[PDB]
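J.: Contents of upload.txt (compact mmCIF, C-alpha atoms) are below:
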# COMPACT_ATOMS: atom_id res chain seq x y z
CA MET Y 214 0.00 0.00 0.00
CA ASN Y 215 1.35 3.41 -1.07
CA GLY Y 216 0.66 6.91 0.25
CA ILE Y 217 1.85 9.53 2.71
CA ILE Y 218 1.82 10.08 6.44
CA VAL Y 219 0.69 13.09 8.44
CA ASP Y 220 2.25 13.18 11.91
CA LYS Y 221 -1.14 13.97 13.47
CA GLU Y 222 -3.42 11.88 15.68
CA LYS Y 223 -7.22 12.03 15.37
CA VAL Y 224 -8.47 14.68 17.81
CA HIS Y 225 -11.23 12.62 19.36
CA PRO Y 226 -10.91 9.05 20.74
CA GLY Y 227 -14.39 8.27 19.46
CA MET Y 228 -13.35 9.05 15.91
CA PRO Y 229 -13.22 6.35 13.16
CA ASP Y 230 -9.99 4.34 13.01
CA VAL Y 231 -10.31 3.81 9.24
CA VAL Y 232 -12.16 5.85 6.61
CA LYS Y 233 -12.65 3.97 3.33
CA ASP Y 234 -13.54 6.09 0.30
CA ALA Y 235 -12.62 9.41 1.86
CA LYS Y 236 -13.81 12.89 0.94
CA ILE Y 237 -11.21 15.17 2.58
CA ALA Y 238 -12.08 18.68 3.73
CA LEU Y 239 -8.88 20.72 3.70
CA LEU Y 240 -9.43 23.79 5.88
CA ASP Y 241 -7.34 26.74 7.03
CA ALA Y 242 -9.86 28.06 9.51
CA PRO Y 243 -10.38 27.75 13.28
CA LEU Y 244 -12.97 25.29 14.55
CA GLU Y 245 -13.13 26.76 18.05
CA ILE Y 246 -15.28 28.78 20.38
CA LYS Y 247 -14.08 32.27 21.14
CA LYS Y 248 -13.68 32.32 24.91
CA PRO Y 249 -13.65 36.03 25.92
CA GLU Y 250 -12.11 36.80 29.27
CA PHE Y 251 -14.84 37.97 31.63
CA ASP Y 252 -15.12 41.70 32.39
CA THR Y 253 -18.66 42.54 33.55
CA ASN Y 254 -19.75 45.76 35.29
CA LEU Y 255 -17.52 47.34 32.65
CA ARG Y 256 -19.35 44.99 30.26
CA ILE Y 257 -22.72 46.77 30.02
CA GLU Y 258 -25.76 46.57 32.32
CA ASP Y 259 -26.92 43.15 31.13
CA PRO Y 260 -24.82 40.28 32.68
CA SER Y 261 -26.04 37.64 30.20
CA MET Y 262 -23.62 39.24 27.71
CA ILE Y 263 -20.70 36.83 28.06
CA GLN Y 264 -23.27 34.07 28.65
CA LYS Y 265 -25.13 34.64 25.37
CA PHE Y 266 -22.04 35.23 23.27
CA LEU Y 267 -20.89 31.72 24.14
CA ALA Y 268 -24.38 30.57 23.25
CA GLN Y 269 -23.69 32.45 20.01
CA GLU Y 270 -20.30 30.86 19.36
CA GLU Y 271 -21.73 27.50 20.41
CA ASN Y 272 -24.43 27.25 17.74
CA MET Y 273 -22.21 28.90 15.11
CA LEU Y 274 -19.48 26.32 15.70
CA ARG Y 275 -22.00 23.48 15.61
CA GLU Y 276 -23.42 24.88 12.36
CA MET Y 277 -19.97 25.07 10.75
CA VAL Y 278 -19.59 21.36 11.55
CA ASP Y 279 -23.05 20.68 10.14
CA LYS Y 280 -22.22 22.56 6.94
CA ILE Y 281 -19.13 20.40 6.53
CA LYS Y 282 -21.15 17.18 6.68
CA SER Y 283 -23.83 18.59 4.30
CA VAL Y 284 -21.03 18.58 1.73
CA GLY Y 285 -20.15 14.90 2.01
CA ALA Y 286 -16.82 15.41 3.78
CA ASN Y 287 -15.99 12.53 6.12
CA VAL Y 288 -12.47 13.71 6.89
CA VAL Y 289 -11.18 17.10 8.02
CA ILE Y 290 -7.59 18.23 7.86
CA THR Y 291 -7.16 21.72 9.20
CA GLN Y 292 -4.08 23.91 9.41
CA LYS Y 293 -5.72 25.72 12.32
CA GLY Y 294 -6.98 24.30 15.61
CA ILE Y 295 -9.99 22.29 16.74
CA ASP Y 296 -11.76 23.04 20.08
CA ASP Y 297 -12.98 20.25 22.38
CA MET Y 298 -16.58 21.25 21.57
CA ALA Y 299 -15.58 20.94 17.93
CA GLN Y 300 -13.91 17.56 18.39
CA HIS Y 301 -17.08 16.48 20.13
CA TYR Y 302 -19.42 17.53 17.33
CA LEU Y 303 -17.17 16.24 14.53
CA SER Y 304 -16.99 12.93 16.36
CA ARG Y 305 -20.77 13.10 16.55
CA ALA Y 306 -20.86 13.37 12.75
CA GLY Y 307 -18.33 10.59 12.24
CA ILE Y 308 -15.76 12.89 10.61
CA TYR Y 309 -12.05 12.05 11.09
CA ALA Y 310 -10.12 15.16 12.04
CA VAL Y 311 -6.58 16.43 12.65
CA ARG Y 312 -5.63 19.95 13.61
CA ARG Y 313 -2.65 22.28 13.36
CA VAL Y 314 -1.39 20.46 10.30
CA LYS Y 315 2.02 21.55 9.02
CA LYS Y 316 1.83 24.11 6.20
CA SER Y 317 4.08 22.01 3.99
CA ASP Y 318 1.81 19.00 4.51
CA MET Y 319 -1.34 20.98 3.68
CA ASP Y 320 -0.01 21.69 0.19
CA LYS Y 321 1.40 18.20 -0.22
CA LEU Y 322 -2.11 16.92 0.52
CA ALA Y 323 -3.71 19.60 -1.66
CA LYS Y 324 -1.95 18.44 -4.82
CA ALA Y 325 -2.51 14.72 -4.25
CA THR Y 326 -6.25 14.54 -3.52
CA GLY Y 327 -7.34 17.54 -5.56
CA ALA Y 328 -8.78 19.16 -2.43
CA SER Y 329 -8.90 22.94 -2.16
CA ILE Y 330 -7.84 24.71 1.06
CA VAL Y 331 -10.86 26.48 2.56
CA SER Y 332 -10.25 29.64 4.61
CA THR Y 333 -13.96 30.33 4.95
CA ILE Y 334 -16.11 27.40 6.13
CA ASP Y 335 -19.24 28.91 4.58
CA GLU Y 336 -17.76 29.52 1.13
CA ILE Y 337 -17.37 25.74 0.72
CA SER Y 338 -19.03 23.07 -1.44
CA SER Y 339 -18.61 19.39 -2.36
CA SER Y 340 -16.22 20.50 -5.12
CA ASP Y 341 -13.67 21.84 -2.62
CA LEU Y 342 -13.15 18.31 -1.22
CA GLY Y 343 -10.31 15.90 -1.88
CA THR Y 344 -10.47 12.26 -2.86
CA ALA Y 345 -8.52 9.41 -1.27
CA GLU Y 346 -8.89 5.65 -1.10
CA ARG Y 347 -8.07 5.12 2.57
CA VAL Y 348 -7.53 7.76 5.27
CA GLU Y 349 -6.68 5.91 8.47
CA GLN Y 350 -4.94 6.13 11.81
CA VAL Y 351 -1.75 4.17 12.08
CA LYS Y 352 0.47 3.60 15.10
CA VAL Y 353 4.12 4.42 14.51
CA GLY Y 354 5.48 2.63 17.57
CA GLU Y 355 5.08 5.21 20.32
CA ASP Y 356 2.73 7.71 18.67
CA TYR Y 357 -0.32 7.50 16.44
CA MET Y 358 -0.43 9.26 13.06
CA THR Y 359 -2.77 9.56 10.12
CA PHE Y 360 -2.02 7.72 6.85
CA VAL Y 361 -3.38 8.71 3.44
CA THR Y 362 -3.71 6.44 0.40
CA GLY Y 363 -5.25 7.18 -2.98
CA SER Y 364 -5.34 9.94 -5.59
CA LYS Y 365 -1.52 9.99 -5.46
CA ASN Y 366 -0.69 7.80 -8.49
CA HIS Y 367 -1.14 4.29 -9.99
CA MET K 214 -10.70 40.66 54.79
CA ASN K 215 -10.44 37.13 56.26
CA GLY K 216 -10.88 33.71 54.66
CA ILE K 217 -9.04 30.88 52.94
CA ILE K 218 -7.41 30.23 49.60
CA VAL K 219 -7.87 27.33 47.22
CA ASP K 220 -4.91 26.93 44.86
CA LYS K 221 -7.27 26.53 41.89
CA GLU K 222 -7.98 28.82 38.94
CA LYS K 223 -11.48 29.17 37.46
CA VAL K 224 -11.79 26.62 34.63
CA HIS K 225 -13.24 28.97 32.05
CA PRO K 226 -11.86 32.42 31.08
CA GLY K 227 -15.41 33.69 30.64
CA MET K 228 -16.23 32.89 34.25
CA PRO K 229 -17.04 35.64 36.82
CA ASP K 230 -14.02 37.22 38.51
CA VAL K 231 -15.97 37.91 41.72
CA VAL K 232 -19.07 36.21 43.13
CA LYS K 233 -20.77 38.24 45.88
CA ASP K 234 -23.23 36.34 48.09
CA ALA K 235 -22.12 32.89 47.03
CA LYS K 236 -24.03 29.61 47.18
CA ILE K 237 -21.29 26.97 46.86
CA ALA K 238 -21.96 23.57 45.32
CA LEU K 239 -19.43 21.14 46.76
CA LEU K 240 -19.30 18.09 44.48
CA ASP K 241 -17.31 14.87 44.33
CA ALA K 242 -18.55 13.81 40.93
CA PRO K 243 -17.23 14.06 37.36
CA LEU K 244 -18.60 16.79 35.11
CA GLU K 245 -17.32 15.24 31.89
CA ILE K 246 -18.38 13.44 28.77
CA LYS K 247 -17.43 9.80 28.54
CA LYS K 248 -15.34 9.58 25.38
CA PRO K 249 -15.33 5.87 24.38
CA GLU K 250 -12.53 4.80 22.10
CA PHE K 251 -13.99 3.92 18.71
CA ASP K 252 -14.36 0.23 17.79
CA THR K 253 -17.03 -0.19 15.10
CA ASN K 254 -17.60 -3.29 12.96
CA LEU K 255 -17.06 -5.06 16.28
CA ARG K 256 -19.47 -2.42 17.62
CA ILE K 257 -22.77 -3.74 16.22
CA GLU K 258 -24.35 -3.23 12.79
CA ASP K 259 -25.48 0.35 13.42
CA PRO K 260 -22.56 2.88 13.10
CA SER K 261 -24.43 5.73 14.82
CA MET K 262 -23.66 3.90 18.09
CA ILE K 263 -20.63 5.92 19.21
CA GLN K 264 -22.26 8.96 17.59
CA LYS K 265 -25.48 8.73 19.61
CA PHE K 266 -23.81 7.82 22.89
CA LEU K 267 -21.96 11.12 22.75
CA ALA K 268 -25.28 12.74 21.97
CA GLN K 269 -26.41 10.89 25.10
CA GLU K 270 -23.53 12.05 27.29
CA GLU K 271 -23.87 15.53 25.81
CA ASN K 272 -27.44 16.21 26.94
CA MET K 273 -26.92 14.37 30.24
CA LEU K 274 -23.92 16.57 31.06
CA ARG K 275 -25.82 19.70 30.06
CA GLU K 276 -28.73 18.60 32.24
CA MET K 277 -26.48 18.03 35.26
CA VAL K 278 -25.30 21.62 34.84
CA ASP K 279 -28.90 22.79 34.52
CA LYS K 280 -29.89 20.91 37.68
CA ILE K 281 -27.09 22.68 39.53
CA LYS K 282 -28.38 26.12 38.57
CA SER K 283 -32.01 25.14 39.40
CA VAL K 284 -30.74 24.87 42.97
CA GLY K 285 -29.36 28.40 43.24
CA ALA K 286 -25.68 27.41 43.19
CA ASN K 287 -23.51 30.09 41.59
CA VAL K 288 -20.21 28.44 42.50
CA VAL K 289 -19.00 24.89 41.98
CA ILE K 290 -16.07 23.31 43.75
CA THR K 291 -15.51 19.75 42.65
CA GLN K 292 -13.00 17.18 43.82
CA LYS K 293 -13.32 15.51 40.42
CA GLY K 294 -12.73 16.97 36.97
CA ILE K 295 -14.59 19.31 34.64
CA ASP K 296 -14.70 18.69 30.84
CA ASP K 297 -14.35 21.54 28.32
CA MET K 298 -18.01 21.03 27.35
CA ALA K 299 -18.78 21.33 31.04
CA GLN K 300 -16.67 24.45 31.52
CA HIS K 301 -18.51 25.88 28.55
CA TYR K 302 -21.99 25.22 29.91
CA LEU K 303 -21.14 26.29 33.47
CA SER K 304 -19.71 29.50 32.04
CA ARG K 305 -22.97 29.80 30.12
CA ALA K 306 -24.84 29.67 33.44
CA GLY K 307 -22.49 32.12 35.15
CA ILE K 308 -21.28 29.56 37.71
CA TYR K 309 -17.70 29.91 39.02
CA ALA K 310 -15.96 26.55 38.97
CA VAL K 311 -12.74 24.82 40.02
CA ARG K 312 -11.91 21.17 39.50
CA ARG K 313 -9.71 18.49 41.03
CA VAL K 314 -9.78 20.23 44.38
CA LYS K 315 -7.52 18.75 47.05
CA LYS K 316 -9.32 16.33 49.38
CA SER K 317 -8.09 18.18 52.44
CA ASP K 318 -9.45 21.45 51.03
CA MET K 319 -12.86 19.91 50.25
CA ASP K 320 -13.40 19.15 53.94
CA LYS K 321 -11.90 22.45 55.06
CA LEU K 322 -14.48 24.14 52.83
CA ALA K 323 -17.23 21.76 53.94
CA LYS K 324 -16.99 22.78 57.59
CA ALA K 325 -16.74 26.52 56.94
CA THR K 326 -19.66 27.15 54.57
CA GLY K 327 -21.95 24.38 55.79
CA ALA K 328 -21.98 22.86 52.29
CA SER K 329 -22.44 19.12 51.88
CA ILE K 330 -20.25 17.13 49.46
CA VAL K 331 -22.44 15.72 46.68
CA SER K 332 -21.35 12.44 45.04
CA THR K 333 -24.55 12.22 43.01
CA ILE K 334 -25.51 15.36 41.06
CA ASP K 335 -29.17 14.32 40.94
CA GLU K 336 -29.54 13.63 44.66
CA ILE K 337 -28.90 17.34 45.33
CA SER K 338 -31.02 20.27 46.56
CA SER K 339 -30.61 23.89 47.69
CA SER K 340 -29.92 22.57 51.20
CA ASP K 341 -26.70 20.84 50.12
CA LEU K 342 -25.15 24.23 49.23
CA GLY K 343 -22.65 26.27 51.21
CA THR K 344 -22.77 29.94 52.12
CA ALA K 345 -19.97 32.45 51.69
CA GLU K 346 -19.73 36.23 51.49
CA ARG K 347 -17.25 36.54 48.63
CA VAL K 348 -15.87 33.76 46.40
CA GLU K 349 -13.41 35.38 44.01
CA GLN K 350 -10.37 34.84 41.85
CA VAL K 351 -7.19 36.37 43.14
CA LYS K 352 -3.78 36.55 41.50
CA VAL K 353 -0.94 35.29 43.69
CA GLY K 354 1.88 36.80 41.66
CA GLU K 355 2.47 34.20 38.96
CA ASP K 356 -0.67 32.08 39.26
CA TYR K 357 -4.35 32.74 39.83
CA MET K 358 -6.23 31.12 42.72
CA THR K 359 -9.68 31.21 44.24
CA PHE K 360 -10.30 33.04 47.55
CA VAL K 361 -13.19 32.35 49.90
CA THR K 362 -14.60 34.73 52.52
CA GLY K 363 -17.60 34.30 54.79
CA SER K 364 -19.24 31.66 56.97
CA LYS K 365 -15.83 31.12 58.62
CA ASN K 366 -16.22 33.28 61.76
CA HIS K 367 -16.85 36.86 62.99
Now that the file is in, can you turn its structure into structure tokens?

T.:
Amino acid sequence: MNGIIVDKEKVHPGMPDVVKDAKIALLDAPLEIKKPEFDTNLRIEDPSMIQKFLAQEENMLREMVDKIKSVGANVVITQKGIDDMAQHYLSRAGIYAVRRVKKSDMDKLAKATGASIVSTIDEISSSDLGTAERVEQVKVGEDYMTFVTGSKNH
Amino acid sequence: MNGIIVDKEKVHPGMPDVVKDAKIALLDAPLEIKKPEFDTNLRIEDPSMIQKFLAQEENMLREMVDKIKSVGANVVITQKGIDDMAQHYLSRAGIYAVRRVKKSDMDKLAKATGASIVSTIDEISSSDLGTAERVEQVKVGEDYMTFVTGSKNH
């Protein structure tokens, strides 16, 4: 079996160990919740401010994950980070994900699956995705990494 | 001002910096989401298994946080841990929280606020809570810790 390795472990333990017939979502955008440091009193009359902004971020982050799935992607490889809330939701959608992927690797993966790097989650479609035969998690002795096969050659 | 210090920082940056007229919830139970390591194929026919169990844990964890608030508690001091999803929700309810609190400290706080250590989130009521004048986050030079005033003496 031929292909390349990404020195990145799946972000959630409940994530798939093997993803046959992958549809890679190459992103360059944060999948996190903005956690603003508290500062009430000086933060308007209404206290619920910080409380509802997280409620804001919460649903917006969940929606970004939903949008991903409603595009067929079953694998996410981001150059940016993935929040625990994110990892949770992605894992809930069965999408394999790795975060903070090396810039070099992002391009290597770009031109090898066809996938297009998305900097804006919304401005994405099923066309932006990358194809691969088998995206899976492999154990390189001590650590665990992600392996990619398909769309490279043959 | 008199009182004691707990060498524990609030778990969420969006959490209140000062909590006047506190109603402490002393717990000895996990506020986390069980994250089962994936194992499909060998995990029944239906794939949604891992996916719906997290959905399970998700709402159950959110409910445990809701139950806390519907008891007047505005401060949580647990001996166990607090998940990021948990921290998020607690922060959404405006409850100040610290996790993995030293056993010695848990008792010190017990007999000084009146609060009763709850090992079962459900089996709790407004009577189990502890009283304190001011529960706040103080910065001890390098680190940040939580300070407790009230119900001690005077």

J.: When you look at residue K:254 with a cut-off of 12 Å (counting all atoms listed in the file), what residues show up, excluding the ones that are within fewer than 5 positions of it in the same chain? I need them as a list in words.

T.: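 Using all atoms listed in the file, the neighbours found are residues 229, 230 and 231 of chain Y; 259, 260, 261, 262 and 263 of chain K.
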
J.: Chain Y superposed on chain K over all ordered C-alpha pairs, least squares: can you write that as a compact mmCIF listing (two decimals) with C-alpha atoms, in the coordinates of the input?

T.:
# COMPACT_ATOMS: atom_id res chain seq x y z
CA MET Y 214 -10.70 40.66 54.79
CA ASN Y 215 -10.44 37.14 56.26
CA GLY Y 216 -10.89 33.71 54.66
CA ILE Y 217 -9.04 30.89 52.94
CA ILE Y 218 -7.42 30.23 49.61
CA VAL Y 219 -7.87 27.33 47.22
CA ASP Y 220 -4.91 26.93 44.86
CA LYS Y 221 -7.27 26.53 41.89
CA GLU Y 222 -7.98 28.82 38.94
CA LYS Y 223 -11.48 29.17 37.46
CA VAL Y 224 -11.79 26.63 34.63
CA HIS Y 225 -13.23 28.97 32.05
CA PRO Y 226 -11.86 32.43 31.09
CA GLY Y 227 -15.41 33.69 30.64
CA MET Y 228 -16.23 32.89 34.24
CA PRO Y 229 -17.04 35.64 36.82
CA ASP Y 230 -14.02 37.22 38.51
CA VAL Y 231 -15.97 37.91 41.72
CA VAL Y 232 -19.07 36.20 43.14
CA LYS Y 233 -20.77 38.23 45.88
CA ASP Y 234 -23.22 36.34 48.09
CA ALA Y 235 -22.12 32.88 47.02
CA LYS Y 236 -24.03 29.62 47.18
CA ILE Y 237 -21.29 26.97 46.86
CA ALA Y 238 -21.97 23.57 45.32
CA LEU Y 239 -19.43 21.14 46.76
CA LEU Y 240 -19.30 18.09 44.48
CA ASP Y 241 -17.32 14.87 44.33
CA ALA Y 242 -18.55 13.80 40.93
CA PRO Y 243 -17.23 14.06 37.36
CA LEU Y 244 -18.60 16.79 35.11
CA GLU Y 245 -17.32 15.24 31.89
CA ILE Y 246 -18.39 13.44 28.77
CA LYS Y 247 -17.43 9.80 28.54
CA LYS Y 248 -15.34 9.58 25.38
CA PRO Y 249 -15.33 5.87 24.38
CA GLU Y 250 -12.53 4.80 22.10
CA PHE Y 251 -13.98 3.92 18.71
CA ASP Y 252 -14.36 0.23 17.79
CA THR Y 253 -17.04 -0.18 15.10
CA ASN Y 254 -17.60 -3.29 12.95
CA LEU Y 255 -17.06 -5.06 16.27
CA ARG Y 256 -19.47 -2.42 17.62
CA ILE Y 257 -22.77 -3.75 16.22
CA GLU Y 258 -24.35 -3.23 12.79
CA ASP Y 259 -25.48 0.35 13.41
CA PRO Y 260 -22.56 2.87 13.10
CA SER Y 261 -24.43 5.72 14.82
CA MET Y 262 -23.66 3.91 18.09
CA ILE Y 263 -20.63 5.91 19.21
CA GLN Y 264 -22.26 8.96 17.58
CA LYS Y 265 -25.48 8.73 19.61
CA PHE Y 266 -23.81 7.82 22.88
CA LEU Y 267 -21.95 11.12 22.75
CA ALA Y 268 -25.28 12.74 21.97
CA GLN Y 269 -26.41 10.89 25.10
CA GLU Y 270 -23.53 12.05 27.29
CA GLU Y 271 -23.87 15.53 25.81
CA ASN Y 272 -27.44 16.21 26.93
CA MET Y 273 -26.92 14.37 30.24
CA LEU Y 274 -23.92 16.56 31.06
CA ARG Y 275 -25.81 19.70 30.06
CA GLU Y 276 -28.73 18.60 32.24
CA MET Y 277 -26.47 18.02 35.26
CA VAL Y 278 -25.30 21.62 34.84
CA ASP Y 279 -28.90 22.79 34.52
CA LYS Y 280 -29.89 20.92 37.68
CA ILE Y 281 -27.09 22.68 39.53
CA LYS Y 282 -28.38 26.12 38.57
CA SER Y 283 -32.01 25.14 39.40
CA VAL Y 284 -30.74 24.87 42.97
CA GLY Y 285 -29.36 28.40 43.24
CA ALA Y 286 -25.69 27.41 43.19
CA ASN Y 287 -23.51 30.09 41.59
CA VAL Y 288 -20.22 28.44 42.50
CA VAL Y 289 -19.00 24.88 41.99
CA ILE Y 290 -16.06 23.31 43.75
CA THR Y 291 -15.51 19.75 42.65
CA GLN Y 292 -12.99 17.18 43.82
CA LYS Y 293 -13.32 15.50 40.42
CA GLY Y 294 -12.73 16.97 36.97
CA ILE Y 295 -14.59 19.31 34.64
CA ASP Y 296 -14.70 18.69 30.84
CA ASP Y 297 -14.35 21.54 28.32
CA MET Y 298 -18.02 21.03 27.35
CA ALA Y 299 -18.78 21.33 31.05
CA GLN Y 300 -16.67 24.45 31.52
CA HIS Y 301 -18.51 25.87 28.55
CA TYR Y 302 -21.99 25.22 29.92
CA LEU Y 303 -21.14 26.30 33.48
CA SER Y 304 -19.72 29.50 32.04
CA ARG Y 305 -22.97 29.81 30.12
CA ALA Y 306 -24.84 29.67 33.44
CA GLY Y 307 -22.49 32.12 35.15
CA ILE Y 308 -21.28 29.56 37.71
CA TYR Y 309 -17.70 29.90 39.02
CA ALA Y 310 -15.96 26.54 38.97
CA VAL Y 311 -12.74 24.81 40.02
CA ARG Y 312 -11.91 21.17 39.50
CA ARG Y 313 -9.71 18.49 41.03
CA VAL Y 314 -9.78 20.23 44.38
CA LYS Y 315 -7.52 18.75 47.05
CA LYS Y 316 -9.31 16.33 49.38
CA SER Y 317 -8.09 18.19 52.45
CA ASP Y 318 -9.46 21.45 51.03
CA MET Y 319 -12.86 19.91 50.25
CA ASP Y 320 -13.39 19.15 53.94
CA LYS Y 321 -11.90 22.44 55.06
CA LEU Y 322 -14.47 24.14 52.83
CA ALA Y 323 -17.23 21.75 53.94
CA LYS Y 324 -16.99 22.78 57.59
CA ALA Y 325 -16.74 26.52 56.94
CA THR Y 326 -19.67 27.15 54.57
CA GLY Y 327 -21.95 24.38 55.78
CA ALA Y 328 -21.98 22.86 52.29
CA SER Y 329 -22.44 19.12 51.88
CA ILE Y 330 -20.25 17.13 49.46
CA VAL Y 331 -22.44 15.72 46.68
CA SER Y 332 -21.36 12.44 45.04
CA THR Y 333 -24.55 12.22 43.01
CA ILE Y 334 -25.52 15.36 41.06
CA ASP Y 335 -29.17 14.32 40.94
CA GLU Y 336 -29.54 13.63 44.67
CA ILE Y 337 -28.91 17.34 45.33
CA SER Y 338 -31.02 20.27 46.56
CA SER Y 339 -30.60 23.89 47.69
CA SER Y 340 -29.92 22.57 51.20
CA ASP Y 341 -26.70 20.84 50.12
CA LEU Y 342 -25.15 24.23 49.23
CA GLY Y 343 -22.65 26.27 51.20
CA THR Y 344 -22.78 29.93 52.11
CA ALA Y 345 -19.97 32.46 51.69
CA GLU Y 346 -19.73 36.23 51.49
CA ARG Y 347 -17.25 36.53 48.63
CA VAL Y 348 -15.87 33.76 46.40
CA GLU Y 349 -13.41 35.39 44.01
CA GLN Y 350 -10.37 34.84 41.85
CA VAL Y 351 -7.19 36.37 43.14
CA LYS Y 352 -3.78 36.55 41.51
CA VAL Y 353 -0.95 35.29 43.69
CA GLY Y 354 1.89 36.80 41.66
CA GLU Y 355 2.47 34.20 38.96
CA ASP Y 356 -0.67 32.08 39.26
CA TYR Y 357 -4.35 32.75 39.83
CA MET Y 358 -6.23 31.12 42.72
CA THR Y 359 -9.68 31.22 44.24
CA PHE Y 360 -10.30 33.05 47.54
CA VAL Y 361 -13.19 32.35 49.91
CA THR Y 362 -14.59 34.73 52.52
CA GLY Y 363 -17.60 34.30 54.79
CA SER Y 364 -19.24 31.66 56.97
CA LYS Y 365 -15.83 31.12 58.62
CA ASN Y 366 -16.22 33.28 61.76
CA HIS Y 367 -16.86 36.86 62.99

J.: Could the residues of chain Y that have an atom at most 7 Å from chain K be listed as JSON lines, each with its closest atom pair and the distance in Å to one decimal, counting only C-alpha atoms and ordered by chain and ascending residue number?

T.:
{"residue": "Y:226", "atom": "CA", "partner": "K:250", "partner_atom": "CA", "distance": 4.7}
{"residue": "Y:227", "atom": "CA", "partner": "K:251", "partner_atom": "CA", "distance": 4.4}
{"residue": "Y:228", "atom": "CA", "partner": "K:251", "partner_atom": "CA", "distance": 5.9}
{"residue": "Y:229", "atom": "CA", "partner": "K:251", "partner_atom": "CA", "distance": 6.1}
{"residue": "Y:230", "atom": "CA", "partner": "K:251", "partner_atom": "CA", "distance": 7.0}
{"residue": "Y:248", "atom": "CA", "partner": "K:227", "partner_atom": "CA", "distance": 6.1}
{"residue": "Y:249", "atom": "CA", "partner": "K:227", "partner_atom": "CA", "distance": 5.6}
{"residue": "Y:250", "atom": "CA", "partner": "K:227", "partner_atom": "CA", "distance": 4.7}
{"residue": "Y:251", "atom": "CA", "partner": "K:227", "partner_atom": "CA", "distance": 4.4}
{"residue": "Y:263", "atom": "CA", "partner": "K:227", "partner_atom": "CA", "distance": 6.7}
{"residue": "Y:264", "atom": "CA", "partner": "K:305", "partner_atom": "CA", "distance": 4.5}
{"residue": "Y:267", "atom": "CA", "partner": "K:305", "partner_atom": "CA", "distance": 6.6}
{"residue": "Y:297", "atom": "CA", "partner": "K:297", "partner_atom": "CA", "distance": 6.2}
{"residue": "Y:298", "atom": "CA", "partner": "K:298", "partner_atom": "CA", "distance": 6.0}
{"residue": "Y:304", "atom": "CA", "partner": "K:264", "partner_atom": "CA", "distance": 6.7}
{"residue": "Y:305", "atom": "CA", "partner": "K:264", "partner_atom": "CA", "distance": 4.5}
{"residue": "Y:306", "atom": "CA", "partner": "K:264", "partner_atom": "CA", "distance": 6.7}
{"residue": "Y:307", "atom": "CA", "partner": "K:264", "partner_atom": "CA", "distance": 6.8}

J.: Which polymer residues have any atom within 7 Å of an atom of residue Y:295, counting all atoms listed in the file, with same-chain residues fewer than 4 positions away left out, as a list in words?

T.: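 Within the cut-off, the hits are residues 243, 244, 245, 299, 300 and 312 of chain Y.
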
J.: Excluding residue Y:335 and any residue of its chain fewer than 5 positions from it, enumerate the residues within 12 Å of it, using all atoms listed in the file, and give them as an NGL selection string.

T.: :Y and (240 or 242 or 273-274 or 276-281 or 283-284 or 341)

J.: Extract, using all atoms listed in the file, all DNA, RNA and protein residues at most 12 Å from residue Y:321, discarding same-chain residues fewer than 5 positions from it, and format them as a PyMOL selection string.

T.: chain Y and resi 216-219+239+314-316+326-330+361+364-365

J.: By how many Å are atom CA of residue Y:236 and atom CA of residue K:272 apart?

T.: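 Pair atom CA of residue Y:236 / atom CA of residue K:272 returns 29.5 Å.
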
J.: Atom CA of residue K:359 to atom CA of residue K:288: how many Å, to one decimal?

T.: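 Taking atom CA of residue K:359 as the start and atom CA of residue K:288 as the end point, the length is 11.0 Å.
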
J.: Provide the atom CA of residue K:333 to atom CA of residue K:358 distance in Å, to one decimal place.

T.: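 Between these atoms lies a distance of 26.3 Å.
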
J.: Could you add the missing atoms to stretch 288-296 of chain K, up to N, CA and C atoms, and return them as a JSON list (two decimals), in the frame of the given file?

T.:
[["chain", "number", "residue", "atom", "x", "y", "z"],
["K", 288, "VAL", "N", -21.61, 28.82, 42.36],
["K", 288, "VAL", "CA", -20.21, 28.44, 42.50],
["K", 288, "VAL", "C", -20.12, 26.94, 42.66],
["K", 289, "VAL", "N", -19.21, 26.32, 41.90],
["K", 289, "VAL", "CA", -19.00, 24.89, 41.98],
["K", 289, "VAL", "C", -17.56, 24.54, 42.30],
["K", 290, "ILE", "N", -17.39, 23.73, 43.33],
["K", 290, "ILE", "CA", -16.07, 23.31, 43.75],
["K", 290, "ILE", "C", -16.08, 21.80, 43.80],
["K", 291, "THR", "N", -15.55, 21.20, 42.74],
["K", 291, "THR", "CA", -15.51, 19.75, 42.65],
["K", 291, "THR", "C", -14.14, 19.15, 42.93],
["K", 292, "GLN", "N", -14.18, 17.95, 43.47],
["K", 292, "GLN", "CA", -13.00, 17.18, 43.82],
["K", 292, "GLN", "C", -12.56, 16.41, 42.57],
["K", 293, "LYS", "N", -13.53, 16.20, 41.68],
["K", 293, "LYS", "CA", -13.32, 15.51, 40.42],
["K", 293, "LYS", "C", -13.04, 16.53, 39.32],
["K", 294, "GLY", "N", -13.01, 16.07, 38.07],
["K", 294, "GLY", "CA", -12.73, 16.97, 36.97],
["K", 294, "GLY", "C", -13.92, 17.59, 36.26],
["K", 295, "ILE", "N", -13.61, 18.60, 35.44],
["K", 295, "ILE", "CA", -14.59, 19.31, 34.64],
["K", 295, "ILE", "C", -14.12, 19.37, 33.18],
["K", 296, "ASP", "N", -14.92, 18.77, 32.29],
["K", 296, "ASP", "CA", -14.70, 18.69, 30.84],
["K", 296, "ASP", "C", -14.79, 20.09, 30.22]]
